[PDB]
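Undergrad: Have a look at the structure that comes next, please.
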There are 2 protein chains.
Amino acid sequence: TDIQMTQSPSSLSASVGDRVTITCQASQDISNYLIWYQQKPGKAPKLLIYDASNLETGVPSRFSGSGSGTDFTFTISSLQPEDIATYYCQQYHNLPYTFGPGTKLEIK
Amino acid sequence: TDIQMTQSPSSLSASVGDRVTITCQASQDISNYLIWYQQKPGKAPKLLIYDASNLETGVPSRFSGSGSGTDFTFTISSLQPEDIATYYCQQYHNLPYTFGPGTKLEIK
């Protein structure tokens, strides 16, 4: 039914080159039907990861995703200036498809 | 493969109580696998319409969606202040699940 997607942290600031680790928790088992989107300010979300851990074409290798079941992790190995954005997870296991509340990542 | 989602208009301003009609064209036939989301400023997208024309529960009746194939329409029958948001279409016919580029709706 109404699957609730939780996401932590809500916001964070870091330096160029740091490792960033973001979580997304589902309120019910969603198997590996988890997407991660990047939404730069004023733009649409851009799919980065599907099936929990698969990167789409053209996505820089610094992005990775992991998890399965109810707990998921998105990692940026080396934060870059172009990564300033809000990141969202989304499950596509069951309609309606639901979003986490976002993680706003900034530099400094 | 890479389905392109086009959305028009890019931005628009209107008054409280007006009818608003926004369109979304897909670059390939997606049957009726089209979602419409509402994203209020600072928040995550929230699903309003699925299967091109089906409204989710709790969605105000002023919202509607239509279309099938390659052309889709989202309509607000009577614009309200709480409707200031960016609206996005999204296809879920084939991964990756591509987004429209957004329609920014403002009052005044």
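Chain lettering (A, B, ...) mirrors the order of the structure tokens, residue numbering begins at 1 for each chain separately, and ligand numbering begins at 1 in order of display.
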Could you fit chain B onto chain A with a least-squares superposition over all C-alpha atoms, matched one to one in order, and give me the transformed chain as a tab-separated table (two decimals) with N, CA, C and O atoms, in the first residue's frame?
TA:
```tsv
chain	number	residue	atom	x	y	z
B	1	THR	N	0.46	-1.20	0.32
B	1	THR	CA	-0.29	0.07	0.10
B	1	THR	C	0.67	1.27	0.07
B	1	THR	O	1.63	1.28	-0.69
B	2	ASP	N	0.39	2.29	0.89
B	2	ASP	CA	1.17	3.52	0.91
B	2	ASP	C	2.56	3.36	1.54
B	2	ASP	O	2.73	3.58	2.74
B	3	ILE	N	3.55	2.96	0.74
B	3	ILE	CA	4.92	2.82	1.23
B	3	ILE	C	5.51	4.18	1.57
B	3	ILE	O	5.48	5.11	0.76
B	4	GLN	N	6.09	4.30	2.77
B	4	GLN	CA	6.73	5.53	3.22
B	4	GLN	C	8.23	5.44	3.01
B	4	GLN	O	8.87	4.49	3.49
B	5	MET	N	8.79	6.42	2.32
B	5	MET	CA	10.22	6.50	2.07
B	5	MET	C	10.85	7.55	2.97
B	5	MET	O	10.48	8.73	2.91
B	6	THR	N	11.76	7.12	3.84
B	6	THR	CA	12.46	8.00	4.76
B	6	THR	C	13.87	8.17	4.23
B	6	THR	O	14.44	7.23	3.65
B	7	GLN	N	14.45	9.35	4.41
B	7	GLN	CA	15.76	9.61	3.84
B	7	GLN	C	16.53	10.46	4.84
B	7	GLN	O	15.99	11.42	5.39
B	8	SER	N	17.79	10.09	5.07
B	8	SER	CA	18.64	10.75	6.04
B	8	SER	C	20.01	10.88	5.41
B	8	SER	O	20.44	9.97	4.68
B	9	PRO	N	20.74	11.97	5.66
B	9	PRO	CA	20.21	13.10	6.43
B	9	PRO	C	19.34	14.01	5.58
B	9	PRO	O	19.22	13.85	4.36
B	10	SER	N	18.74	15.01	6.24
B	10	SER	CA	17.92	15.98	5.52
B	10	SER	C	18.78	16.96	4.75
B	10	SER	O	18.46	17.30	3.60
B	11	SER	N	19.88	17.42	5.34
B	11	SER	CA	20.80	18.32	4.66
B	11	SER	C	22.20	18.03	5.16
B	11	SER	O	22.38	17.49	6.26
B	12	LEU	N	23.19	18.37	4.34
B	12	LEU	CA	24.57	18.26	4.80
B	12	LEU	C	25.46	19.13	3.93
B	12	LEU	O	25.18	19.35	2.75
B	13	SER	N	26.55	19.62	4.54
B	13	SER	CA	27.55	20.41	3.85
B	13	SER	C	28.87	19.65	3.94
B	13	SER	O	29.20	19.09	4.98
B	14	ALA	N	29.65	19.68	2.86
B	14	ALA	CA	30.94	19.01	2.82
B	14	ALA	C	31.86	19.74	1.86
B	14	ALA	O	31.47	20.69	1.19
B	15	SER	N	33.11	19.29	1.81
B	15	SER	CA	34.13	19.90	0.98
B	15	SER	C	34.34	19.09	-0.29
B	15	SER	O	34.05	17.89	-0.35
B	16	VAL	N	34.86	19.77	-1.31
B	16	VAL	CA	35.25	19.11	-2.55
B	16	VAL	C	36.24	17.99	-2.26
B	16	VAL	O	37.20	18.17	-1.50
B	17	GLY	N	36.00	16.82	-2.86
B	17	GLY	CA	36.84	15.67	-2.63
B	17	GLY	C	36.45	14.77	-1.48
B	17	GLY	O	37.07	13.71	-1.31
B	18	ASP	N	35.45	15.13	-0.69
B	18	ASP	CA	35.09	14.27	0.42
B	18	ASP	C	34.21	13.11	-0.05
B	18	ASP	O	33.54	13.19	-1.08
B	19	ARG	N	34.22	12.02	0.72
B	19	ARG	CA	33.26	10.95	0.51
B	19	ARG	C	31.94	11.32	1.19
B	19	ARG	O	31.95	11.73	2.36
B	20	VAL	N	30.83	11.18	0.48
B	20	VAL	CA	29.50	11.44	1.03
B	20	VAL	C	28.65	10.17	1.00
B	20	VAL	O	28.57	9.51	-0.04
B	21	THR	N	28.02	9.83	2.13
B	21	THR	CA	27.19	8.63	2.22
B	21	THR	C	25.84	9.04	2.77
B	21	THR	O	25.75	9.56	3.89
B	22	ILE	N	24.79	8.79	1.99
B	22	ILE	CA	23.41	9.15	2.31
B	22	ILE	C	22.59	7.87	2.28
B	22	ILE	O	22.80	7.01	1.41
B	23	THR	N	21.65	7.74	3.21
B	23	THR	CA	20.83	6.55	3.33
B	23	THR	C	19.36	6.84	3.10
B	23	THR	O	18.89	7.99	3.17
B	24	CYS	N	18.64	5.76	2.82
B	24	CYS	CA	17.21	5.78	2.53
B	24	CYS	C	16.61	4.47	3.01
B	24	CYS	O	17.02	3.40	2.57
B	25	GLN	N	15.66	4.57	3.93
B	25	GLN	CA	14.95	3.43	4.48
B	25	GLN	C	13.51	3.42	3.99
B	25	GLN	O	12.82	4.45	4.05
B	26	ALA	N	13.06	2.27	3.50
B	26	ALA	CA	11.66	2.09	3.13
B	26	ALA	C	10.88	1.47	4.28
B	26	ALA	O	11.40	0.66	5.05
B	27	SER	N	9.61	1.84	4.37
B	27	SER	CA	8.69	1.36	5.40
B	27	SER	C	8.19	-0.06	5.12
B	27	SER	O	7.56	-0.65	6.00
B	28	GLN	N	8.45	-0.60	3.93
B	28	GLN	CA	8.16	-1.99	3.64
B	28	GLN	C	9.20	-2.53	2.67
B	28	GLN	O	9.91	-1.78	2.01
B	29	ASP	N	9.31	-3.86	2.64
B	29	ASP	CA	10.30	-4.52	1.78
B	29	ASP	C	10.03	-4.20	0.32
B	29	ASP	O	8.97	-4.56	-0.21
B	30	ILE	N	10.98	-3.54	-0.35
B	30	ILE	CA	10.82	-3.17	-1.75
B	30	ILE	C	11.81	-3.91	-2.65
B	30	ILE	O	12.04	-3.49	-3.78
B	31	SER	N	12.37	-5.03	-2.19
B	31	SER	CA	13.35	-5.80	-2.97
B	31	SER	C	14.48	-4.85	-3.36
B	31	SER	O	14.96	-4.10	-2.49
B	32	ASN	N	14.93	-4.83	-4.62
B	32	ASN	CA	15.91	-3.84	-5.07
B	32	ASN	C	15.33	-2.83	-6.05
B	32	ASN	O	16.06	-2.27	-6.88
B	33	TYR	N	14.02	-2.57	-5.98
B	33	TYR	CA	13.37	-1.58	-6.84
B	33	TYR	C	13.48	-0.19	-6.23
B	33	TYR	O	12.51	0.41	-5.76
B	34	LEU	N	14.71	0.33	-6.25
B	34	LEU	CA	15.00	1.65	-5.72
B	34	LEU	C	15.79	2.45	-6.75
B	34	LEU	O	16.80	1.97	-7.28
B	35	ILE	N	15.32	3.65	-7.01
B	35	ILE	CA	15.99	4.62	-7.86
B	35	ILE	C	16.62	5.70	-6.97
B	35	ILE	O	16.14	5.97	-5.87
B	36	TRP	N	17.72	6.27	-7.45
B	36	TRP	CA	18.30	7.49	-6.90
B	36	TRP	C	18.39	8.56	-7.99
B	36	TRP	O	18.95	8.31	-9.06
B	37	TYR	N	17.81	9.72	-7.70
B	37	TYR	CA	17.82	10.87	-8.60
B	37	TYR	C	18.67	12.00	-8.04
B	37	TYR	O	18.85	12.13	-6.82
B	38	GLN	N	19.21	12.81	-8.95
B	38	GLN	CA	19.89	14.05	-8.62
B	38	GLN	C	19.09	15.19	-9.22
B	38	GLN	O	18.78	15.17	-10.42
B	39	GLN	N	18.76	16.19	-8.41
B	39	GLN	CA	18.00	17.36	-8.87
B	39	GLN	C	18.80	18.63	-8.62
B	39	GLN	O	18.81	19.14	-7.49
B	40	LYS	N	19.43	19.16	-9.65
B	40	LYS	CA	20.13	20.42	-9.47
B	40	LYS	C	19.15	21.58	-9.41
B	40	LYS	O	18.02	21.48	-9.91
B	41	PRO	N	19.53	22.68	-8.77
B	41	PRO	CA	18.57	23.77	-8.52
B	41	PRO	C	17.98	24.31	-9.82
B	41	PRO	O	18.71	24.63	-10.76
B	42	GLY	N	16.66	24.42	-9.85
B	42	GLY	CA	15.90	24.83	-11.02
B	42	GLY	C	15.66	23.78	-12.08
B	42	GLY	O	14.96	24.07	-13.06
B	43	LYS	N	16.21	22.58	-11.94
B	43	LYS	CA	16.13	21.53	-12.95
B	43	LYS	C	15.27	20.38	-12.46
B	43	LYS	O	14.87	20.31	-11.30
B	44	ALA	N	15.00	19.48	-13.39
B	44	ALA	CA	14.28	18.27	-13.09
B	44	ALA	C	15.20	17.25	-12.44
B	44	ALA	O	16.42	17.32	-12.59
B	45	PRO	N	14.64	16.30	-11.70
B	45	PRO	CA	15.46	15.18	-11.22
B	45	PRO	C	16.00	14.38	-12.39
B	45	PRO	O	15.33	14.21	-13.41
B	46	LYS	N	17.23	13.90	-12.23
B	46	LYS	CA	17.90	13.09	-13.24
B	46	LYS	C	18.30	11.77	-12.62
B	46	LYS	O	18.92	11.74	-11.55
B	47	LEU	N	17.94	10.67	-13.29
B	47	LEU	CA	18.18	9.35	-12.72
B	47	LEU	C	19.67	9.05	-12.74
B	47	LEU	O	20.33	9.19	-13.78
B	48	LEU	N	20.20	8.65	-11.59
B	48	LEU	CA	21.58	8.21	-11.47
B	48	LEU	C	21.72	6.70	-11.32
B	48	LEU	O	22.55	6.07	-11.98
B	49	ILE	N	20.90	6.12	-10.45
B	49	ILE	CA	20.98	4.71	-10.06
B	49	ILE	C	19.61	4.07	-10.11
B	49	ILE	O	18.62	4.68	-9.69
B	50	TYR	N	19.55	2.86	-10.65
B	50	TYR	CA	18.33	2.07	-10.68
B	50	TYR	C	18.66	0.68	-10.15
B	50	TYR	O	19.83	0.31	-9.99
B	51	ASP	N	17.61	-0.09	-9.84
B	51	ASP	CA	17.75	-1.43	-9.26
B	51	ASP	C	18.64	-1.42	-8.01
B	51	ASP	O	19.43	-2.34	-7.77
B	52	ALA	N	18.54	-0.34	-7.23
B	52	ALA	CA	19.30	-0.12	-5.99
B	52	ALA	C	20.78	0.17	-6.19
B	52	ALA	O	21.35	0.97	-5.45
B	53	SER	N	21.41	-0.46	-7.18
B	53	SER	CA	22.87	-0.47	-7.25
B	53	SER	C	23.41	-0.34	-8.67
B	53	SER	O	24.63	-0.34	-8.84
B	54	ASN	N	22.55	-0.24	-9.68
B	54	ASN	CA	22.99	-0.12	-11.06
B	54	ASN	C	23.01	1.34	-11.48
B	54	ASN	O	22.01	2.05	-11.30
B	55	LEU	N	24.11	1.77	-12.07
B	55	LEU	CA	24.30	3.15	-12.50
B	55	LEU	C	23.84	3.29	-13.94
B	55	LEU	O	24.05	2.38	-14.74
B	56	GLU	N	23.20	4.41	-14.27
B	56	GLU	CA	22.91	4.56	-15.68
B	56	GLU	C	24.14	5.04	-16.45
B	56	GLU	O	25.18	5.38	-15.88
B	57	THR	N	24.01	5.00	-17.77
B	57	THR	CA	25.10	5.38	-18.66
B	57	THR	C	25.41	6.86	-18.51
B	57	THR	O	24.52	7.68	-18.27
B	58	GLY	N	26.68	7.22	-18.62
B	58	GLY	CA	27.08	8.61	-18.55
B	58	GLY	C	27.16	9.14	-17.14
B	58	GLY	O	27.56	10.30	-16.95
B	59	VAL	N	26.80	8.33	-16.17
B	59	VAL	CA	26.83	8.72	-14.76
B	59	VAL	C	28.29	8.66	-14.30
B	59	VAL	O	28.95	7.64	-14.55
B	60	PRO	N	28.84	9.71	-13.71
B	60	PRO	CA	30.23	9.62	-13.24
B	60	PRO	C	30.44	8.43	-12.32
B	60	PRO	O	29.58	8.06	-11.51
B	61	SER	N	31.62	7.81	-12.46
B	61	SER	CA	32.00	6.64	-11.67
B	61	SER	C	32.09	6.91	-10.18
B	61	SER	O	32.05	5.95	-9.39
B	62	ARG	N	32.19	8.17	-9.76
B	62	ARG	CA	32.23	8.51	-8.34
B	62	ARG	C	30.92	8.21	-7.62
B	62	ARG	O	30.90	8.16	-6.39
B	63	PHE	N	29.84	8.00	-8.36
B	63	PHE	CA	28.54	7.68	-7.80
B	63	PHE	C	28.36	6.18	-7.66
B	63	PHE	O	28.87	5.41	-8.49
B	64	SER	N	27.80	5.76	-6.53
B	64	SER	CA	27.47	4.35	-6.35
B	64	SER	C	26.23	4.24	-5.47
B	64	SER	O	25.88	5.14	-4.71
B	65	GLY	N	25.58	3.08	-5.58
B	65	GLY	CA	24.44	2.76	-4.74
B	65	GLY	C	24.53	1.33	-4.27
B	65	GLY	O	25.06	0.46	-4.96
B	66	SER	N	23.99	1.09	-3.07
B	66	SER	CA	23.98	-0.24	-2.50
B	66	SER	C	22.71	-0.45	-1.69
B	66	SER	O	21.94	0.48	-1.43
B	67	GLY	N	22.49	-1.71	-1.33
B	67	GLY	CA	21.40	-2.13	-0.47
B	67	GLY	C	20.39	-2.99	-1.21
B	67	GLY	O	20.38	-3.11	-2.43
B	68	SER	N	19.50	-3.57	-0.40
B	68	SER	CA	18.42	-4.43	-0.86
B	68	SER	C	17.52	-4.73	0.33
B	68	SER	O	18.01	-4.92	1.44
B	69	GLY	N	16.22	-4.78	0.08
B	69	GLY	CA	15.24	-5.02	1.13
B	69	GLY	C	14.60	-3.75	1.64
B	69	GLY	O	13.68	-3.23	1.01
B	70	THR	N	15.07	-3.22	2.78
B	70	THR	CA	14.49	-2.03	3.38
B	70	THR	C	15.47	-0.89	3.58
B	70	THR	O	15.03	0.24	3.81
B	71	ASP	N	16.78	-1.15	3.52
B	71	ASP	CA	17.82	-0.16	3.75
B	71	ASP	C	18.69	-0.02	2.51
B	71	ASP	O	19.16	-1.02	1.97
B	72	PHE	N	18.92	1.22	2.10
B	72	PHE	CA	19.68	1.53	0.89
B	72	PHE	C	20.63	2.68	1.17
B	72	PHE	O	20.38	3.53	2.02
B	73	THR	N	21.72	2.70	0.41
B	73	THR	CA	22.76	3.71	0.57
B	73	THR	C	23.17	4.22	-0.80
B	73	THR	O	23.30	3.45	-1.76
B	74	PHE	N	23.35	5.53	-0.88
B	74	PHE	CA	23.91	6.20	-2.04
B	74	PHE	C	25.21	6.86	-1.62
B	74	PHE	O	25.25	7.55	-0.59
B	75	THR	N	26.27	6.65	-2.39
B	75	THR	CA	27.60	7.15	-2.04
B	75	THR	C	28.19	7.92	-3.21
B	75	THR	O	28.13	7.48	-4.36
B	76	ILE	N	28.75	9.09	-2.90
B	76	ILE	CA	29.64	9.83	-3.78
B	76	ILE	C	31.06	9.67	-3.26
B	76	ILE	O	31.36	10.11	-2.14
B	77	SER	N	31.93	9.05	-4.06
B	77	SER	CA	33.26	8.70	-3.58
B	77	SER	C	34.11	9.94	-3.36
B	77	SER	O	34.93	9.97	-2.43
B	78	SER	N	33.93	10.97	-4.19
B	78	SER	CA	34.76	12.17	-4.16
B	78	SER	C	33.88	13.34	-4.59
B	78	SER	O	33.64	13.52	-5.79
B	79	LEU	N	33.40	14.12	-3.63
B	79	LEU	CA	32.41	15.14	-3.93
B	79	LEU	C	33.01	16.18	-4.87
B	79	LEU	O	34.14	16.64	-4.66
B	80	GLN	N	32.27	16.54	-5.91
B	80	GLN	CA	32.65	17.59	-6.85
B	80	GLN	C	31.69	18.77	-6.88
B	80	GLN	O	30.53	18.65	-6.47
B	81	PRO	N	32.15	19.94	-7.33
B	81	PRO	CA	31.27	21.11	-7.37
B	81	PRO	C	30.00	20.87	-8.17
B	81	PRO	O	28.95	21.42	-7.83
B	82	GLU	N	30.06	20.08	-9.25
B	82	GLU	CA	28.85	19.90	-10.03
B	82	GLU	C	27.84	19.02	-9.30
B	82	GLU	O	26.73	18.84	-9.80
B	83	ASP	N	28.22	18.48	-8.14
B	83	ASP	CA	27.35	17.58	-7.39
B	83	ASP	C	26.44	18.31	-6.40
B	83	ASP	O	25.61	17.65	-5.76
B	84	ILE	N	26.60	19.63	-6.22
B	84	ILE	CA	25.64	20.40	-5.43
B	84	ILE	C	24.26	20.14	-6.01
B	84	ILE	O	24.00	20.44	-7.18
B	85	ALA	N	23.37	19.61	-5.18
B	85	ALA	CA	22.07	19.15	-5.65
B	85	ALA	C	21.32	18.61	-4.45
B	85	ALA	O	21.87	18.47	-3.35
B	86	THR	N	20.06	18.30	-4.67
B	86	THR	CA	19.27	17.50	-3.75
B	86	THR	C	19.11	16.11	-4.34
B	86	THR	O	18.77	15.97	-5.52
B	87	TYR	N	19.38	15.10	-3.53
B	87	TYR	CA	19.28	13.73	-3.99
B	87	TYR	C	18.02	13.14	-3.39
B	87	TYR	O	17.68	13.42	-2.23
B	88	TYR	N	17.36	12.30	-4.17
B	88	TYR	CA	16.13	11.64	-3.76
B	88	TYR	C	16.23	10.16	-4.09
B	88	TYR	O	16.71	9.79	-5.16
B	89	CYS	N	15.78	9.33	-3.17
B	89	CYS	CA	15.48	7.96	-3.51
B	89	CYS	C	14.02	7.88	-3.92
B	89	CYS	O	13.19	8.71	-3.54
B	90	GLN	N	13.70	6.85	-4.69
B	90	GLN	CA	12.33	6.61	-5.12
B	90	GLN	C	12.16	5.11	-5.28
B	90	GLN	O	12.96	4.47	-5.97
B	91	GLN	N	11.11	4.56	-4.70
B	91	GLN	CA	10.77	3.16	-4.92
B	91	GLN	C	9.83	3.05	-6.11
B	91	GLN	O	9.03	3.95	-6.38
B	92	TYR	N	10.00	1.97	-6.87
B	92	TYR	CA	9.14	1.67	-8.01
B	92	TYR	C	8.71	0.22	-7.90
B	92	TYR	O	8.55	-0.49	-8.90
B	93	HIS	N	8.53	-0.23	-6.65
B	93	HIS	CA	7.95	-1.53	-6.38
B	93	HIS	C	6.45	-1.53	-6.57
B	93	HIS	O	5.91	-2.45	-7.18
B	94	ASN	N	5.77	-0.49	-6.09
B	94	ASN	CA	4.32	-0.47	-6.16
B	94	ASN	C	3.79	0.94	-6.32
B	94	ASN	O	4.26	1.85	-5.64
B	95	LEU	N	2.86	1.13	-7.24
B	95	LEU	CA	2.34	2.47	-7.40
B	95	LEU	C	1.51	2.73	-6.14
B	95	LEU	O	0.88	1.79	-5.64
B	96	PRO	N	1.49	3.94	-5.59
B	96	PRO	CA	2.29	5.06	-6.10
B	96	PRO	C	3.77	4.94	-5.79
B	96	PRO	O	4.18	4.39	-4.76
B	97	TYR	N	4.58	5.51	-6.69
B	97	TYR	CA	6.04	5.51	-6.63
B	97	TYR	C	6.56	6.61	-5.71
B	97	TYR	O	6.74	7.76	-6.12
B	98	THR	N	6.81	6.27	-4.45
B	98	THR	CA	7.01	7.28	-3.43
B	98	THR	C	8.47	7.75	-3.41
B	98	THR	O	9.39	7.00	-3.75
B	99	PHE	N	8.65	9.00	-3.02
B	99	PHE	CA	9.94	9.69	-2.95
B	99	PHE	C	10.41	9.74	-1.51
B	99	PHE	O	9.62	9.81	-0.58
B	100	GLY	N	11.72	9.72	-1.35
B	100	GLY	CA	12.29	10.18	-0.12
B	100	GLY	C	12.08	11.67	0.02
B	100	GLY	O	11.66	12.34	-0.92
B	101	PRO	N	12.33	12.22	1.21
B	101	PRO	CA	12.06	13.65	1.42
B	101	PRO	C	13.20	14.54	0.97
B	101	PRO	O	13.11	15.76	1.12
B	102	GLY	N	14.26	13.95	0.45
B	102	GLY	CA	15.35	14.67	-0.16
B	102	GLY	C	16.52	14.80	0.80
B	102	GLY	O	16.36	14.79	2.02
B	103	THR	N	17.71	14.95	0.23
B	103	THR	CA	18.91	15.27	0.98
B	103	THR	C	19.56	16.42	0.23
B	103	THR	O	20.02	16.25	-0.90
B	104	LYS	N	19.62	17.59	0.87
B	104	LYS	CA	20.25	18.75	0.26
B	104	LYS	C	21.74	18.78	0.58
B	104	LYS	O	22.13	18.94	1.74
B	105	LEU	N	22.55	18.64	-0.46
B	105	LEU	CA	23.99	18.56	-0.34
B	105	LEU	C	24.60	19.89	-0.76
B	105	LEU	O	24.33	20.36	-1.87
B	106	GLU	N	25.40	20.52	0.11
B	106	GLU	CA	26.07	21.75	-0.28
B	106	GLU	C	27.57	21.63	-0.06
B	106	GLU	O	28.05	20.79	0.71
B	107	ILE	N	28.32	22.46	-0.77
B	107	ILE	CA	29.76	22.64	-0.61
B	107	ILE	C	30.08	23.77	0.36
B	107	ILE	O	29.46	24.83	0.31
B	108	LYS	N	31.03	23.50	1.26
B	108	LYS	CA	31.54	24.43	2.29
B	108	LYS	C	30.79	24.18	3.60
B	108	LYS	O	30.94	23.12	4.20
```
Undergrad: List every residue of segment 6-106 of chain B that DSSP, applied to the backbone of this structure, assigns to strand (DSSP E or B), and report them as JSON, numbers by chain.
TA: {"B": [6, 7, 8, 11, 12, 13, 14, 20, 21, 22, 23, 24, 25, 26, 34, 35, 36, 37, 38, 39, 46, 47, 48, 49, 50, 54, 55, 63, 64, 65, 66, 67, 71, 72, 73, 74, 75, 76, 85, 86, 87, 88, 89, 90, 91, 99, 103, 104, 105, 106]}
